[PDB]
Amino acid sequence: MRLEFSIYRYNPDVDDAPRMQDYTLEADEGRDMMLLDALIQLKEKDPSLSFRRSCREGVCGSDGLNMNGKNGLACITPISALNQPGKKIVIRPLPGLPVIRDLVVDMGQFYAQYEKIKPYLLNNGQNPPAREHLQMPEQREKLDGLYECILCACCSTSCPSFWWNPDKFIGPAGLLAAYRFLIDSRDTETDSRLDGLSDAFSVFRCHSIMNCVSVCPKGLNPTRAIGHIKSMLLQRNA
Amino acid sequence: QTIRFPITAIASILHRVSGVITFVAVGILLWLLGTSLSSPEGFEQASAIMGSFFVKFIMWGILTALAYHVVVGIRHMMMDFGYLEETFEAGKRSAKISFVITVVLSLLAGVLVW
Amino acid sequence: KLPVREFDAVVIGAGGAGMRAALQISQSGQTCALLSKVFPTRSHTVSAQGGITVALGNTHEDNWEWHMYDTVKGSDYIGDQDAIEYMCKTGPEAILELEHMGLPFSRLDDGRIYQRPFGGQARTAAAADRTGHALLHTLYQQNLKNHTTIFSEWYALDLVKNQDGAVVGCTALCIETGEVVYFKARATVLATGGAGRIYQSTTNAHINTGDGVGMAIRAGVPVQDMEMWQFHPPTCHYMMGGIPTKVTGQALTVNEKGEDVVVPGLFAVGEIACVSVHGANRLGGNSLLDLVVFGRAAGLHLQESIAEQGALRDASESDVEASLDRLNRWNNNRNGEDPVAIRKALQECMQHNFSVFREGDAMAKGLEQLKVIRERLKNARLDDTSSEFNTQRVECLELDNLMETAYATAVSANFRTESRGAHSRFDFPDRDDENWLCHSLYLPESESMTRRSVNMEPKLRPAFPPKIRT
Amino acid sequence: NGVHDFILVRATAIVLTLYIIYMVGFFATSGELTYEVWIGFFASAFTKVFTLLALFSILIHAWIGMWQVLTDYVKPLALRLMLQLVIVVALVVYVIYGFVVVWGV
Amino acid sequence: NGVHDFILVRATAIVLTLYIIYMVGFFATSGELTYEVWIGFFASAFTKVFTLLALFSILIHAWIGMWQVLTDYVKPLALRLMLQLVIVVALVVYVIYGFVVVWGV
Amino acid sequence: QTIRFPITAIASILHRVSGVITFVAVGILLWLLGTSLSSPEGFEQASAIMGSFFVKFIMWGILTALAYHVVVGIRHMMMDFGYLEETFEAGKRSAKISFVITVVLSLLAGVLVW
Amino acid sequence: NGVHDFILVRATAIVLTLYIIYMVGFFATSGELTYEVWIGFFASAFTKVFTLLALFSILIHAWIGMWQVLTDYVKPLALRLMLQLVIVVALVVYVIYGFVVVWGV
Amino acid sequence: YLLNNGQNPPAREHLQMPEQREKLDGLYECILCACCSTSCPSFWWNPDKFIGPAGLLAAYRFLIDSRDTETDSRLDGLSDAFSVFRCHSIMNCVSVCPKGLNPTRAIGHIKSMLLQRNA
């Protein structure tokens, strides 16, 4: 559809902070397209745009765009969900992130927060098995909701508790990683991670907002992680 | 900046706001108990101060905010006891029922006023 | 003027085959750089709806001899099996070594690896829909474990080539810094892969700007059968060919006669690096199996390669002037034709006359089409004048890369008078097995084509002849 | 630490729940309160001890409560510190006034 | 920690020893106790302060005592937690009742 | 399971059992002091309740268990002060003398009863 | 720890400053004190609550004070421990006597 | 001594604005003559529990030298011991110093920062 577009700012290095220039293009009605195709079509007229896209199938958290106030995967979220009755579709960049480029903003704080949880196995060295590990699939059927966090930063930027204190908290997915490497029976180092997390008020900084689950792009359960890890932690330090 | 759908935020903020006002409530009620019990000379005085419609509005508000706080507190209690199950429908139904019983307890304060 | 830093190992690509390489160079210990274009997880490898394939033992018996039998009957008997030898003999070791990293692979009720069936006769495993997703995530988590210093969100535009003909590093142009640097290092492993961007409809993603052949060919590095191109059944999916190499890692060139010689200072693994273990129809996940086990071999074969060639020199710091003048030519164009239209016409020509059907008359027609377009390509205008950062800039460069790959495939359509393997022809539907039992070879500077012979799988087993496909 | 706070909050909320139940239950069953009955229902043991317990528990609870508020919102450190001082003196004054007003009857 | 507990137990046992000595010594030297003498020996300063000190020390001592019992024997965690709550409210109620019964005389 | 010679176990258990019963003793005695001191109307009442032979049995038991607890507590105190030496003979002689003085203090309670 | 001590000392010194100001200010504005006026200025709420608060804060302050003295000077450990016991019982006896002497008026 | 976890924000040389160096000119010349250390009234009675003035000048040097990022661990390792606070602000050492160095300044900023963390 022949459409006007209105975005946050198409060049950050310009002296001014706000820039709501008029995007304009004439699009067709007889063939559906997705938001990235809008980007593709525009990029040859308004040249100074930029964006971080990878896969056109939405599997590697490339473009978790929060447009019009609602977040989603830019390769899952078409335009009709933006051209509702009224005008002024809004596709501004993501929240609370450094203005270092137009839409590929920095995630150093975010990826670092993920890093501080030691998201990797560790074996002191005992070799109970010889050739292959020993695990009953009763674990795997309850592990199917942790190892696909695509790091799209939808839930993390969408946690009310995390906002006010950006550095003291740990975020939902930063806890999904902990829980993954926790109830994966192939480790035995629960206590050190637990009482290292116990110290910081990060686990409890949660007020059980639970909005993130609806907002999640993969339909993952961080609330579940927040539940079992609280239960276990309480059990230890009581 | 704007998200337009903070369903949990309103439920949550209403907890710390009510806490912050109840924290000064408890002081107002300590004052009221003090000035009342001292002798008969104050009791009617105290009821006299229990009289004005500004004061009645306040005290009903004190007790309504208190009821909201108590109820949400119980939800935080039971939900973290593990006695309540987690899902979207549970959250929205808890919001509904808690709000209804909050208005119910509010009405109790109104009955006390009348 | 350009700041330079001395290194022992750099890698062109981050995930997939690259994660393996950098991890093995990390456990080596000296130094292990990690350059890429996108943040590791975002790599094309993450699209992973197909499981790793390696025989570890189901309830029934499965030997590596059956592994070779099926992986060669699949390849339609076109390539050598020395690499198939190494694969079928070292696969299980590497897959279990990865499974000890806590890699979340789905098990069976007893607690053993899950196995499923695919084309041909008993081992095509899988973890979940996200098998390679877990693969990459575990390799990234081990990258965190050994604190390997990733340099993400950058680019590699071309390599270095001195007088005696060696490679001692790579240039870089970024998006967080956007200023060219030089990482000098005897080991430069082109392990990026992918070109499908030069076509309209395909499975591949847009981050694949077709570079692993771009820098190679432009620098003047030869290639082997850039037309072995699998179209997933009817969407294009894989580039069977790519840069040449051996099971131990080093790339190969040829003299005026055509004898294969070790190239000084170059390496390659991953879907780019071809040993034709995939051939007509790749075995299910033998590019995946490539990036895992061939990369494990690329790691275990580091000291053997650096010992024969080391302590070399730079081209009097005058070869960086090659890519420097490329970027100067970039500092030349003010106006002209939009690169978008060039790419449009090229894409059109190639998907029109170099897919599954390549008809001789129309073959030469598309040849001269893409040739005249190549000639006129030089004057291309530039949509963005931005100083700090954009996307367009890299877009600009990717043109001078993308097209080049297609070139090779086109040329090879003039070098194969049959329908051999995936390669098919209307004027030649059959598959002759007397003349071209050998690989092709595109010579860059002469832009010509020659042949390269292949061995009949003598390593440890009595060889078998090419059977009839029945 | 943090689980310390968690447990104190939950437990003292338990005691507070029982309190408000009992106290506003008496308000319910008041039936024409009088000075006589008012001082009657206060001069007991049960009421006296339970009210002092209530004020003490409010201290130990609201302390941690406002600590959480003023560690999440009020950013400057000198401010937040003096603010917590004011609030903690407020609570201890609450309990001592409670004393002087219940053990005078 | 654990030495904290150790030292509190030993010290408060010292104060308790001195108490029981003094109190049951008065029982010894009673010599035909009477209401008059009973209220006499209680209305003092010394007796009042020493009895409040005794009940407070019993709080601070028996708390840790039952903590040790219920961390050694009662295995399930929810149980032991609510049990400690009951016992701690028991002690604080002990001391407050003590108040209402000694500062009434 | 059975060991047949837990000489220390009996000495030790008698410590936590006595503690557990004294913990409820202190509450019974707070009650008794409360109901007594309130006025003369209660004092004889209190002594009346100090009267029954069930109650007398209890109170003597309260004070005997208390004496056992005090004595063993002192042993734990002095033995850990380093003021007492460690050996088998010291342990058995401490058991003997502590038990004798426990019965002695018990007799004191009996004297109070009579 | 140590910053805990630091902050408690500074804060309770703040409350103590305000106290001494108010109390010796009343001594200033005395103007021919009398038993009548003396019991007058004491029987208030304000004076009662502020004096109990003062004694409590002196407890929580001088405790840490003498802890610092007896961890810097008196070297033998058994000595210093029993000395701190004597001093802590001194402070708690101070506050309880304060009770019995202000909530008697 | 310095410690870099390993991040390489620069490539060839470190990045530091001389605004630091003009306020670092009073820490890296402690000649260890033990004048101030033996001259601290607070340090005497407890010789082992304290840390001394210059022992804190070193900490402050490796603290406000912007070329590190490991402030918190050193801070809360120093916070534990009552060594920082064992000071009674005697300040005599400054006069007694042979180089005319400021340990009091170190005792000031490090107390400020520490207070800021553990409050």
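In this document, chain identifiers A, B, C, D, E, F, G and H correspond to the written order of the chains, with residue numbering beginning at 1 in each.
Here is the rule we go by: a residue touches a chain if its C-beta (ideal position, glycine included) is under 8 Å from a C-beta of that chain, and two chains touch if they have at least 3 such contacts.
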(message) By Cα centroids, which chain is closest to the centre of the whole protein?
(response) A
(request) Let me have the rounded angstrom distance from the C-alpha centre of subunit G over to the C-alpha centre of subunit H, please. (result) 36
(request) Could you please state the distance in Å, as a whole number, between where the Cα atoms of subunit A are centred and where those of subunit E are centred? (result) 56
(request) List, in ascending order, every residue of subunit A touching at least 2 other chains. (result) 238
(request) Please list all residues of subunit E that touch 2 or more other chains. (result) 14, 81, 97, 103-104
(request) Provide the list of subunit F residues touching at least two other chains, using ranges where the numbers run on. (result) 34
(message) Under the stated touch criterion, can you name all the chain pairs that qualify?
(response) A-B, A-C, A-D, A-E, B-D, C-H, D-E, D-G, D-H, E-F, E-G, G-H
(request) Quick one: which bits of subunit F touch subunit E in the complex? Just the residue numbers, please. (result) 16, 19-20, 23, 26-27, 30, 33-34, 36-38, 40, 43, 66, 70, 73-74, 77, 80, 112
(request) Can you check the complex and tell me which residues of subunit G touch subunit E? (result) 81, 85, 89, 92-93, 96-97, 99-100, 103
(message) Under the definition above, what is the set of subunit E residues touching subunit F in their complex?
(response) 10, 13-14, 17, 20, 27, 35, 38-39, 42, 55, 58, 62, 65-66, 69, 87, 90, 94, 97-98, 101, 104-105
(request) Provide the residue numbers of subunit G that touch subunit H in the complex, in ascending order. (result) 1-3, 5-7, 72-73
(message) Taking the touch rule as given, give the residues of subunit A at its contact with subunit C in the complex, in rising order.
(response) 11, 13, 43-44, 47-57, 59-62, 100-101, 104, 115, 119-121, 131-137, 140, 143-144, 147-148, 150-151, 181, 184, 186-187
